[PDB]
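Colleague: Have a look at this one.
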Amino acid sequence: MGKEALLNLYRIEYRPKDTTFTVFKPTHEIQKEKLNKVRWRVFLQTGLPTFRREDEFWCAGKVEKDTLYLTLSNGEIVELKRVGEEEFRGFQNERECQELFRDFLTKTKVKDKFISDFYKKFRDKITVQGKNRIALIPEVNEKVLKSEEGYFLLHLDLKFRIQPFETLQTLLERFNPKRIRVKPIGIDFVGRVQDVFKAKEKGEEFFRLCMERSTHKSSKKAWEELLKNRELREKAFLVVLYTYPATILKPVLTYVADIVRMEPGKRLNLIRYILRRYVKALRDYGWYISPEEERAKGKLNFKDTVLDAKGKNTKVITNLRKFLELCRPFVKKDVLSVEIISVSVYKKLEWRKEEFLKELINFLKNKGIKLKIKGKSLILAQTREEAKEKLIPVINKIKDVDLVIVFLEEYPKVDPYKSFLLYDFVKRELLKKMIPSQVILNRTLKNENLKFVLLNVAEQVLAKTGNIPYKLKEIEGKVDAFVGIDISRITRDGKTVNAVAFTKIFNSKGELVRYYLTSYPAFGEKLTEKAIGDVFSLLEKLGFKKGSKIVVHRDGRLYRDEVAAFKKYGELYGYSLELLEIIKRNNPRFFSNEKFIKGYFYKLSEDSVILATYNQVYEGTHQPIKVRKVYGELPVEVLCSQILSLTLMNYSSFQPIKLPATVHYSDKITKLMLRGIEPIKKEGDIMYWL
């Protein structure tokens, strides 16, 4: 292994003295979705923390009423029949522990008492002035997880959200807004803005519907406003992130700036604090919460040896920088056409670009790739007219070449609400154009080593263009292919509308054998059956037959229906399958001084693992990911190790990458190809996304 690393996870336990709970079975059947509603109402009506088992509802206390009549939201009346009392013997799942634990936090108010005092004892400046018009909302969440071991773990994490004590309806009277993380007043969701329109435009019966389909005092009272008042209906704008009125939306802001919550050291000790109070508030009730953080079980070993088209491997030529200089690419597209876009402030002259270009073209010639230039496009600018001046070179003559190289200048700005920077801009615009791109910052050409950069690019470029410089010598375990898929669905009410699905198939050596990006407009909600289908269809049309081992990488979380479709077809094509979800959001965080923690892991219960897939060569707090084996006959250790190995296939060995080549830039593309009646039906064998 290496040197100790910590996780914001704390063993939690509930061994009360008074083990008596009152259970209540229903009269009819468990509407399940409503169950976790029915439990909440039981809490309120009963005033006792409660948790649900199958049908039974256990109340942390004595309740006398041989029947309870809780009234759900639908107004629906559910009757719970109080069965005898029970002697509590530990929770069964994490859900129980969590349900019951979150109640106490409420009946106790301890969390709010904290946010209360945090505000006072610190509002000393959680608010800033500035000349433009800033808060500091302290979001705090509690999760409960199990662990390979067997005990429960309280996942405590705190993050700060920054938004102006201003709203959107006010700003759309002063700028863009476009892609702006926003937040509805009485709602818990952060969306992005799309296109703001005038509210009058929607007649009147529009405001009727949604005004009833509201489940937020905010949304509701906000809709009613506009509905019973033609007066305002005109002067106010309706924003479409789902959609609400700009009068109940506050922009969530990202990182003049003299208010930073700083490094982890404190962060951990901050949660350490919050943990203490919690304890003090729930000790008298039988709750035991360990003061010691949880630590990585150990480091994982993965096959990390790559080789070129001649066999030269890194097991031998160990110096990666040297390797790249001697690698013999698995070239396939022998001649490349490329456009060169150049952004530069003032009427200057850049020999630096010319130097590099010549060195690149030549350095690639030495590898056997003639990089024939097609078009040069010089741009002068000093602001963000670049966006306004590049919005052309890009969506213009740039019509399929093999790559586009961009030399960017960086300007001192900051859009107070929207995220804008030529890097992200250029990149995203070329992603839609589905063209492989290499952004080279002029700041880098001026101060770095033209040689360490020449390499640094070459590797990126080669890959992006189907001339991968190397591939894995082998990966742990016998797998015939690694499939990575991401299905993203536009849901404007009801059950779906249309969707998009991106699939990438790599072989056993990590080579991208084929990708398939496609959208599915639909009638019935039978889009999964088809979507997943096309993947197997492509696996046979590729050369994989009965007996094949396929490891699949579901981007977000796997849905019951998708799992069945996989198992379903897998049966038809006779393929062996292992299913995996790879959660990249809201996971516990590692706290260490190791630096080389890549492979550091923590095993969770249901075959899940918390995996560090990258060396933290960036500040302090490391954000791992979660890997859960949904189905399959391979140890998670292997599946994890395979993921680590496949980290290498993003061909970026100087800038650490978190996700495996299989799901890297999926949500992004998938989330990105959801625009207009854009009908896409493309497959290729080039990792243009890199």
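Chain A uses Swiss-Prot numbers throughout; the residues present, in order, are 1-133, 135-175, 178-244, 248-261, 272-706.
Structure determined by X-ray crystallography, 3.2 Å.
Just so it is clear, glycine is given a Cβ too, placed from its N, Cα and C backbone atoms.
This is the feature table in Swiss-Prot:
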REGION    1-108  region 'N-terminal domain'
REGION    335-448  region 'Mid domain'
DOMAIN    419-694  domain 'Piwi'
REGION    449-706  region 'PIWI domain'
ACT_SITE  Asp502  active site
BINDING   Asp502, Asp683  Mn(2+) 2 binding site
BINDING   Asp502, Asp571  Mn(2+) 1 binding site
ACT_SITE  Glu541  active site
ACT_SITE  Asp571  active site
REGION    612-650  region 'PIWI box'
ACT_SITE  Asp683  active site
Colleague: What is the straight-line CA distance, in whole angstrom, from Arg175 to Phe178 across the 2 unmodelled residues?
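Modeller: Cα of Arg175 to Cα of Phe178, across the missing 2: 7 Å.
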Colleague: Distance between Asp683 (Mn(2+) 2 binding site) and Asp571 (Mn(2+) 1 binding site) at the Cα atoms, whole Å?
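Modeller: Between the alpha carbons of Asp683 (Mn(2+) 2 binding site) and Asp571 (Mn(2+) 1 binding site) there are 7 Å.
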Colleague: Measure the gap spanned by 10 unmodelled residues: take the Cα of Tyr261 and the Cα of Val272 and state their separation in Å as a whole number.
Modeller: 11
Colleague: Please compute the Cα distance from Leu244 to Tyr248 in Å; 3 residues between them have no coordinates.
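Modeller: Cα-Cα distance across the unmodelled segment: 6 Å.
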Colleague: Taking the Cβ of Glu541 (active site) as reference, which residues of that chain separated by at least 6 in sequence fall under 8 Å from it?
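Modeller: Set apart from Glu541 (active site) by at least 6 residues yet with Cβ under 8 Å, we have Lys511, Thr512.
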Colleague: Just name the most isolated of the recorded positions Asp502, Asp571, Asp683, going by other Cβ atoms within 10 Å of its Cβ.
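Modeller: Comparing Cβ neighbours within 10 Å for the recorded positions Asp502, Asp571, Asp683, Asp683 has the fewest.
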Colleague: Between the Cα atoms of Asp571 (Mn(2+) 1 binding site) and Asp502 (active site), find the distance and write it as a whole number of Å.
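Modeller: Each residue's Cα considered, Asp571 (Mn(2+) 1 binding site) and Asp502 (active site) end up 5 Å apart.
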Colleague: Please list the DSSP helix, strand and coil residue counts for the region 'Mid domain' (335-448).
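Modeller: In the region 'Mid domain' (335-448), the DSSP-based counts are 39 helix, 23 strand, 52 coil.
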Colleague: Which secondary structure state does DSSP assign to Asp502 (active site), in the simple three-class scheme?
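Modeller: For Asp502 (active site) - judged by DSSP and reduced to three states - the answer is strand.
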Colleague: Helix, strand, coil: count each for the residues of the region 'PIWI box' (612-650), based on DSSP.
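Modeller: Tallying H, G and I as helix, E and B as strand, the rest coil: 0 helix, 16 strand, 23 coil.
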